[PDB]
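Asker: Below you'll find the sequence and an experimental structure to go with it.
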Amino acid sequence: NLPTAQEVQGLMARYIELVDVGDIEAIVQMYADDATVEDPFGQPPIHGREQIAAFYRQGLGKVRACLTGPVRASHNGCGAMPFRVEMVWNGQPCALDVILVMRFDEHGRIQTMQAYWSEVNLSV
Amino acid sequence: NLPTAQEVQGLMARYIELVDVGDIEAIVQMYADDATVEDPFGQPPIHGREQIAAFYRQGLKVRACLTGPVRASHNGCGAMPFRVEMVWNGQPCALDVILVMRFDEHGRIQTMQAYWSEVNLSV
């Protein structure tokens, strides 16, 4: 938890940009070795780089993503941000509203990623 | 973690409304008798309804509303984006915030964490 609030905002805005462009390798590089992903939150934690990379490959491997509000950062290396994801479901264009909560480490890398959303946040 | 995703959305929407009207006691009742509040996150947690009541009384002359839909989980958790309009030095300012909540088997808030810093403030 070394990054300042402003650095958190930058790191999280960057994350959205990478998701939006679909650079899986760049996204995976943002994580720390022991990082965990809970997406959607409530689902078992995903750990291990190979696993996290596989997670993003099945998700991003025409997906678009944008911030729908400013990043909310803390002074202990954590942040939360609202965004919308455009993808395809059941063979049809849809939109998903999500809120990502991340904890960064002393190296500026993602230690924990928690994405809140459910079926109610989906719109076809 | 009893509230369903839809219920979570309803509970969290109602919370914003209580803050908007400033009903401190009704806000306090939404919390579990032994709930924890971290506001802003990064700060020491406050424990129990007595401490939480004092916390909200100190804070709540204030306007609050959702700025986006509530994102709910299937395990009684949720997160929502909202803004608060308050007065500072007789001057009107705004604060952008994102709250994360975990409700218990009784539909009461067990834990609440508000993410924000002075960089989300706009006077």
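Answerer: Thanks, I have it. Numbers count the residues shown, from 1 in each chain, chains lettered A, B, ... in the order given.
Asker: Helix or strand: which one has the nearest residue to residue A:53 once chain neighbours are set aside?
Answerer: Nearest residue to residue A:53, sequence neighbours excluded (C-beta to C-beta, 6 or more residues apart in numbering or on different chains): residue A:28, at 4.7 Å. All C-beta atoms are positioned from the backbone trio N, CA, C, and that covers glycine. Using DSSP states H and E, residue A:28 sits within helix A:24-29.
Asker: Export that helix to PDB, keeping only CA atoms.
Answerer: Taking Å, rounded to 0.1, in the frame of the first residue of the first chain, the C-alpha atoms of helix A:24-29 are listed here in PDB:
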ATOM      1  CA  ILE A  24      -4.200  -9.200 -21.800                       C
ATOM      2  CA  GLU A  25      -0.400  -9.300 -21.300                       C
ATOM      3  CA  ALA A  26      -0.300  -5.700 -20.200                       C
ATOM      4  CA  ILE A  27      -3.200  -6.200 -17.800                       C
ATOM      5  CA  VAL A  28      -1.700  -9.400 -16.300                       C
ATOM      6  CA  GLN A  29       1.600  -7.400 -15.700                       C
END
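Asker: Which positions within it qualify as buried?
Answerer: Neighbour-count burial for helix A:24-29, counted by 16 or more other C-beta atoms under 10 Å in any protein chain shown, picks out A:24, A:27, A:28.
Asker: which residues sit in contact with the last one?
Answerer: Going by C-beta atoms under 8 Å, 6 or more residues apart in numbering or on different chains, residue A:28 touches A:49, A:52, A:53, A:56.
Asker: Let's verify residue A:94: helix, strand, or coil?
Answerer: Of the three states, residue A:94 takes strand under DSSP: H, G, I helix; E, B strand; the rest coil.
Asker: Check the contact between it and residue A:121; I expect there is one.
Answerer: No: using C-beta atoms under 8 Å, residue A:94 is not in contact with residue A:121; the gap is 10.5 Å.
Asker: Looking at the two, which is more packed in?
Answerer: The neighbour comparison of residue A:94 against residue A:121 (other C-beta atoms under 10 Å in any protein chain shown) goes to residue A:121, with 22 against 13.
Asker: Kindly provide the distance from the more buried one to residue B:19.
Answerer: For residue A:121, the distance to residue B:19 (C-beta to C-beta, to the nearest Å) stands at 22 Å.
Asker: Ok, residue A:1 next?
Answerer: Distance from residue A:1 to residue B:19, by C-beta to C-beta: 28 Å.
Asker: Could you do residue A:53 as well?
Answerer: Taking C-beta to C-beta, one finds residue A:53 at 41 Å from residue B:19.
Asker: Going by neighbour count, which residues of the longest helix seen in chain A are buried?
Answerer: When chain A is parsed with DSSP state H, its longest helix is helix A:5-21. Within helix A:5-21, the residues that count as buried by 16+ other C-beta under 10 Å are A:5, A:8, A:9, A:10, A:11, A:12, A:15, A:16, A:18, A:19, A:20.
Asker: can you narrow those residues to ones near chain B?
Answerer: A:5, A:9 (C-beta under 8 Å from any C-beta of the partner chain).
Asker: Next up, the contacts around the spatially most central residue of chain A.
Answerer: In chain A, the residue lying closest to the centroid (C-alpha atoms, centre = their mean) is residue A:100, at 5.7 Å. When contacts are counted by C-beta under 8 Å, 6+ apart, residue A:100 touches A:12, A:15, A:80, A:81, A:83, A:113, A:114, A:115, A:116.
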